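The chain below stands alone and is given in structure tokens; this is the form deposited in one PDB entry.
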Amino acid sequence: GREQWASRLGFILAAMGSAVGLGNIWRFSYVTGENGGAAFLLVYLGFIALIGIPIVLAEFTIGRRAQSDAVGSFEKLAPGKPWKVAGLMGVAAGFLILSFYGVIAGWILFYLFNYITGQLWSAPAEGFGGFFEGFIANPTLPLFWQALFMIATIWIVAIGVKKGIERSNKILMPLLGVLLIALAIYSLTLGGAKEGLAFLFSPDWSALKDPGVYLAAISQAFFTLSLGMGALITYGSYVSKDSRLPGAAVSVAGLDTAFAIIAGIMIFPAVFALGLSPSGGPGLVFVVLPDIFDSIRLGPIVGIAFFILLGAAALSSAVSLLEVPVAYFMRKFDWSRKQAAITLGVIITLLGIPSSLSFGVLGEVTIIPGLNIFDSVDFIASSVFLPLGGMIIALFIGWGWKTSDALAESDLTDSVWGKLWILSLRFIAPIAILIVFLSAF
């Protein structure tokens, strides 16, 4: 009685919907900014090609072969073997990541509400930066918008794969991309393009002699690809033998990278035209974008379109995050989909609440030494659980599978590409991750 994608394009568009969201605009911007731009970018692009694409194909393959959740897939394919630690850790990463993802997405709804009610058309007296700061440090206001976003997320997951997840509006992601392209072109004309483009594309290798940069690059590569937690195993598990995995993996990574690159071309020349520091941290785009819209005559209209379209993208990504614990709990405890979605969704919302508060009244609390609550949850989930899970997933196919199976189940043959793929999983990817972990600690 397991669900399957009803439509032929269902799978690839769902995988794409999962990947493209806040990580491409909000996260990519502030992480690229605080790590120095171009050298970080190049390391990130390297990781996408050589680690991301293979491990994406790996998740797809595992999931389609087992037709089960992130944990169940490992149990089914290799019962009594330790590999399932990856999926157990992924379920946990799912709780953690969605708990703060819903907070940032709630910031998005707040901004959308303000544009719609005419509030952010001109600069507030305290300025766009002052407006943002006052919002997020408010103890309760961000929580209301967060709860609102999670309700929407819970509802789609409760509805089902076919009736909910698959039924996204197909025009919204391509509209977001076009708007991003148009906005990138516009910020190129604002006066900071020479400096913003040099920050973004002209490497300074001095930054690379910090091992923190490599780990930030790999974390962002996993995060943006919806990777390492079994989210793509899960989506893959709803897929029939009528699907071509390698093409999907490449398309997902290519398109996700296009979005991030254009987002960067929008943001950094804008950062530089405004005189701001690119190291501004998580609120970077919430401070920059409204400034950019304000300089356009029809800018309030652009603002409405942007926050709507990014909101829809954050929504499809959030749904894929919630789908991981939901799928697992449905199987493991015979919970109904609606019951799992509501229960886990509320729990994850509440878990999210101290991360929201860390931007204000809890700003001085640490968990991991020196890191506030938000930064700690993100570090653990994105920089520890995701790359480790990815490593185990890579080793699993690479060393725990017969090669003929690995290739057949992934729609590859023992050609140059199949060989390249297998080499990635056995050695390149898991060793690069190992070396990043060892060096960064």
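If you superpose the two forms and keep the largest set of C-alpha atoms that fall within 1.5 Å, you have the rigid core. The first residue of the sequence shown is number 1, and the count goes up from there.
For the pair 283 to 291 and 167 to 175, the mean Cα B-factor is higher in 167 to 175. When the mean C-alpha temperature factors of 30 to 38 and 411 to 419 are read from the deposited coordinates, 411 to 419 comes out higher. Highest C-alpha temperature factor among 270, 137, 183, 350 per the entry: 137. The PDB entry assigns its highest CA temperature factor, among 152, 318, 227, 77, to 77.
Among the modelled residues of its chain, residue 132 has a C-alpha B-factor that falls in the middle third, as given in the PDB entry. Split the chain's modelled residues into thirds by C-alpha temperature factor. Residue 197 is in the middle one. Sort the chain's modelled residues by C-alpha temperature factor and residue 395 lands in the highest third, per the entry.
Remark: residue 59 belongs to the lowest third of its chain, ranked by C-alpha B-factor as recorded. In the PDB entry, residue 333 places in the highest third of its chain by CA B-factor.
Keep in mind that the form deposited in another entry is not shown, yet the notes after this line are about it.
Measuring CA movement between the shown form and the other one with the rigid core aligned, the set 280, 192, 354, 164 has one residue at 2 Å or more: 164. Once the rigid core is used as the reference frame, the Cα position of residue 244 differs between the shown form and the other one by 2 Å or more.
Whereas the shown form places them at one spacing, the Cα atoms of residue 166 and residue 171 lie at least 3 Å closer in the other entry.
Note: the CA-CA distance for residue 164 and residue 174 contracts in the other entry relative to this form, by 3 angstroms or more.
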